[PDB]
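What follows is the content of protein.pdb (PDB, C-alpha atoms).
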```
ATOM      1  CA  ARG A   1       6.060   3.295 -12.113  1.00  0.00           C
ATOM      2  CA  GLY A   2       3.596   5.138  -9.909  1.00  0.00           C
ATOM      3  CA  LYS A   3       3.480   7.392  -6.870  1.00  0.00           C
ATOM      4  CA  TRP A   4       6.583   7.198  -4.712  1.00  0.00           C
ATOM      5  CA  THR A   5       6.631   8.105  -1.037  1.00  0.00           C
ATOM      6  CA  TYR A   6       9.406  10.308   0.294  1.00  0.00           C
ATOM      7  CA  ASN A   7       8.845  11.240   3.920  1.00  0.00           C
ATOM      8  CA  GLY A   8       5.518   9.654   4.783  1.00  0.00           C
ATOM      9  CA  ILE A   9       3.446  11.900   2.548  1.00  0.00           C
ATOM     10  CA  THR A  10       2.515  10.308  -0.756  1.00  0.00           C
ATOM     11  CA  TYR A  11       2.483  11.805  -4.232  1.00  0.00           C
ATOM     12  CA  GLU A  12      -0.093  11.803  -7.005  1.00  0.00           C
ATOM     13  CA  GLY A  13       0.226  13.197 -10.510  1.00  0.00           C
ATOM     14  CA  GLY A  14       3.763  12.749 -11.782  1.00  0.00           C
ATOM     15  CA  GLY A  15       3.405  10.302 -14.646  1.00  0.00           C
ATOM     16  CA  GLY A  16       0.460  11.012 -16.917  1.00  0.00           C
ATOM     17  CA  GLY A  17       0.602   7.974 -19.170  1.00  0.00           C
ATOM     18  CA  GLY A  18      -1.498   8.240 -22.308  1.00  0.00           C
ATOM     19  CA  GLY A  19       0.196   6.894 -25.413  1.00  0.00           C
ATOM     20  CA  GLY A  20       3.454   5.044 -25.952  1.00  0.00           C
ATOM     21  CA  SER A  21       6.159   5.071 -23.304  1.00  0.00           C
ATOM     22  CA  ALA A  22       8.554   6.826 -25.650  1.00  0.00           C
ATOM     23  CA  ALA A  23       9.212   9.911 -23.559  1.00  0.00           C
ATOM     24  CA  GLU A  24       8.884   7.522 -20.642  1.00  0.00           C
ATOM     25  CA  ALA A  25      12.032   5.743 -21.760  1.00  0.00           C
ATOM     26  CA  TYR A  26      14.703   8.411 -22.032  1.00  0.00           C
ATOM     27  CA  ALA A  27      13.116  11.200 -20.025  1.00  0.00           C
ATOM     28  CA  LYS A  28      12.435   8.546 -17.413  1.00  0.00           C
ATOM     29  CA  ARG A  29      16.127   7.920 -16.859  1.00  0.00           C
ATOM     30  CA  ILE A  30      17.406  11.435 -17.435  1.00  0.00           C
ATOM     31  CA  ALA A  31      15.855  12.327 -14.099  1.00  0.00           C
ATOM     32  CA  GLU A  32      17.779   9.509 -12.460  1.00  0.00           C
ATOM     33  CA  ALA A  33      21.061  10.771 -13.860  1.00  0.00           C
ATOM     34  CA  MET A  34      20.185  14.316 -12.867  1.00  0.00           C
ATOM     35  CA  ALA A  35      19.313  12.785  -9.516  1.00  0.00           C
ATOM     36  CA  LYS A  36      22.752  13.200  -7.990  1.00  0.00           C
ATOM     37  CA  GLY A  37      22.633  16.469  -6.087  1.00  0.00           C
TER
END
```

Please lay out the structure from this file as structure tokens.
Amino acid sequence: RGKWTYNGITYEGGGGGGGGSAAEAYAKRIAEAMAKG
């Protein structure tokens, strides 16, 4: 997706992106799920 702001400050790094978006298909959602707190 790309950098995502949180509290003003921006991010840069998360999301290498080299080959296929394989790991970026399941491991991309996992986070979401785990994103409950």

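The interatomic distance for the pair atom CA of residue 25 of chain A and atom CA of residue 2 of chain A works out to 14.6 Å.
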
The centre and edge lengths of an axis-aligned box containing all atoms of segment 11-18 of chain A present in the file, extended by 3 Å on each side, are to be given in Å to one decimal, as AutoDock Vina command-line options.
```
--center_x 1.1 --center_y 10.6 --center_z -13.3 --size_x 11.3 --size_y 11.2 --size_z 24.1
```

* **Contacts of residue 13 of chain A at 12 Å (only C-alpha atoms; same-chain gap of 6+ positions) as a ChimeraX atom specification** => /A:1-4

How would segment 8-34 of chain A read, as a PDB file, in the frame of the given file, once N, CA and C atoms are built in?
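part-v7.pdb was written with the following content:
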```pdb
ATOM      1  N   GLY A   8       6.848   9.936   4.270  1.00  0.00           N
ATOM      2  CA  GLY A   8       5.518   9.654   4.783  1.00  0.00           C
ATOM      3  C   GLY A   8       4.443  10.070   3.777  1.00  0.00           C
ATOM      4  N   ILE A   9       4.415  11.363   3.489  1.00  0.00           N
ATOM      5  CA  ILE A   9       3.446  11.900   2.548  1.00  0.00           C
ATOM      6  C   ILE A   9       3.624  11.215   1.192  1.00  0.00           C
ATOM      7  N   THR A  10       2.498  10.955   0.545  1.00  0.00           N
ATOM      8  CA  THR A  10       2.515  10.308  -0.756  1.00  0.00           C
ATOM      9  C   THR A  10       2.292  11.335  -1.867  1.00  0.00           C
ATOM     10  N   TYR A  11       2.639  10.933  -3.081  1.00  0.00           N
ATOM     11  CA  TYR A  11       2.483  11.805  -4.232  1.00  0.00           C
ATOM     12  C   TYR A  11       1.398  11.280  -5.174  1.00  0.00           C
ATOM     13  N   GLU A  12       0.939  12.163  -6.048  1.00  0.00           N
ATOM     14  CA  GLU A  12      -0.093  11.803  -7.005  1.00  0.00           C
ATOM     15  C   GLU A  12      -0.136  12.819  -8.148  1.00  0.00           C
ATOM     16  N   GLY A  13       0.218  12.343  -9.334  1.00  0.00           N
ATOM     17  CA  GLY A  13       0.226  13.197 -10.510  1.00  0.00           C
ATOM     18  C   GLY A  13       1.367  12.816 -11.456  1.00  0.00           C
ATOM     19  N   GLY A  14       2.584  13.060 -10.991  1.00  0.00           N
ATOM     20  CA  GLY A  14       3.763  12.749 -11.782  1.00  0.00           C
ATOM     21  C   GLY A  14       3.600  11.412 -12.507  1.00  0.00           C
ATOM     22  N   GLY A  15       3.556  11.493 -13.828  1.00  0.00           N
ATOM     23  CA  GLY A  15       3.405  10.302 -14.646  1.00  0.00           C
ATOM     24  C   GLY A  15       1.990  10.210 -15.225  1.00  0.00           C
ATOM     25  N   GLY A  16       1.758  10.995 -16.266  1.00  0.00           N
ATOM     26  CA  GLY A  16       0.460  11.012 -16.917  1.00  0.00           C
ATOM     27  C   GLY A  16       0.111   9.632 -17.479  1.00  0.00           C
ATOM     28  N   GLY A  17       0.825   9.260 -18.531  1.00  0.00           N
ATOM     29  CA  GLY A  17       0.602   7.974 -19.170  1.00  0.00           C
ATOM     30  C   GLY A  17      -0.645   8.011 -20.056  1.00  0.00           C
ATOM     31  N   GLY A  18      -0.408   8.186 -21.348  1.00  0.00           N
ATOM     32  CA  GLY A  18      -1.498   8.240 -22.308  1.00  0.00           C
ATOM     33  C   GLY A  18      -1.223   7.326 -23.503  1.00  0.00           C
ATOM     34  N   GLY A  19      -0.182   7.672 -24.246  1.00  0.00           N
ATOM     35  CA  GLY A  19       0.196   6.894 -25.413  1.00  0.00           C
ATOM     36  C   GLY A  19       1.397   5.997 -25.109  1.00  0.00           C
ATOM     37  N   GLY A  20       2.265   5.866 -26.100  1.00  0.00           N
ATOM     38  CA  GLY A  20       3.454   5.044 -25.952  1.00  0.00           C
ATOM     39  C   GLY A  20       4.350   5.572 -24.829  1.00  0.00           C
ATOM     40  N   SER A  21       5.242   4.706 -24.370  1.00  0.00           N
ATOM     41  CA  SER A  21       6.159   5.071 -23.304  1.00  0.00           C
ATOM     42  C   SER A  21       7.486   5.549 -23.896  1.00  0.00           C
ATOM     43  N   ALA A  22       7.376   6.301 -24.982  1.00  0.00           N
ATOM     44  CA  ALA A  22       8.554   6.826 -25.650  1.00  0.00           C
ATOM     45  C   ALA A  22       9.286   7.784 -24.709  1.00  0.00           C
ATOM     46  N   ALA A  23       8.638   8.908 -24.440  1.00  0.00           N
ATOM     47  CA  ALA A  23       9.212   9.911 -23.559  1.00  0.00           C
ATOM     48  C   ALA A  23       9.469   9.290 -22.185  1.00  0.00           C
ATOM     49  N   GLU A  24       8.745   8.215 -21.911  1.00  0.00           N
ATOM     50  CA  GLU A  24       8.884   7.522 -20.642  1.00  0.00           C
ATOM     51  C   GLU A  24       9.942   6.421 -20.752  1.00  0.00           C
ATOM     52  N   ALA A  25      10.954   6.697 -21.560  1.00  0.00           N
ATOM     53  CA  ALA A  25      12.032   5.743 -21.760  1.00  0.00           C
ATOM     54  C   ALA A  25      13.375   6.447 -21.555  1.00  0.00           C
ATOM     55  N   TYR A  26      13.484   7.630 -22.143  1.00  0.00           N
ATOM     56  CA  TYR A  26      14.703   8.411 -22.032  1.00  0.00           C
ATOM     57  C   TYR A  26      14.559   9.507 -20.974  1.00  0.00           C
ATOM     58  N   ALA A  27      13.394  10.136 -20.975  1.00  0.00           N
ATOM     59  CA  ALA A  27      13.116  11.200 -20.025  1.00  0.00           C
ATOM     60  C   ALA A  27      12.797  10.587 -18.659  1.00  0.00           C
ATOM     61  N   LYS A  28      12.730   9.264 -18.641  1.00  0.00           N
ATOM     62  CA  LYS A  28      12.435   8.546 -17.413  1.00  0.00           C
ATOM     63  C   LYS A  28      13.740   8.265 -16.666  1.00  0.00           C
ATOM     64  N   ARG A  29      14.818   8.182 -17.432  1.00  0.00           N
ATOM     65  CA  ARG A  29      16.127   7.920 -16.859  1.00  0.00           C
ATOM     66  C   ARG A  29      16.863   9.234 -16.592  1.00  0.00           C
ATOM     67  N   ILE A  30      16.757  10.140 -17.553  1.00  0.00           N
ATOM     68  CA  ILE A  30      17.406  11.435 -17.435  1.00  0.00           C
ATOM     69  C   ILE A  30      17.312  11.917 -15.986  1.00  0.00           C
ATOM     70  N   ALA A  31      16.093  11.897 -15.466  1.00  0.00           N
ATOM     71  CA  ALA A  31      15.855  12.327 -14.099  1.00  0.00           C
ATOM     72  C   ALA A  31      16.846  11.625 -13.168  1.00  0.00           C
ATOM     73  N   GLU A  32      16.883  10.306 -13.282  1.00  0.00           N
ATOM     74  CA  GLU A  32      17.779   9.509 -12.460  1.00  0.00           C
ATOM     75  C   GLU A  32      19.188  10.101 -12.483  1.00  0.00           C
ATOM     76  N   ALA A  33      19.726  10.222 -13.687  1.00  0.00           N
ATOM     77  CA  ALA A  33      21.061  10.771 -13.860  1.00  0.00           C
ATOM     78  C   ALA A  33      21.152  12.116 -13.137  1.00  0.00           C
ATOM     79  N   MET A  34      20.221  12.996 -13.473  1.00  0.00           N
ATOM     80  CA  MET A  34      20.185  14.316 -12.867  1.00  0.00           C
ATOM     81  C   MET A  34      19.944  14.221 -11.358  1.00  0.00           C
TER      82      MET A  34
END
```
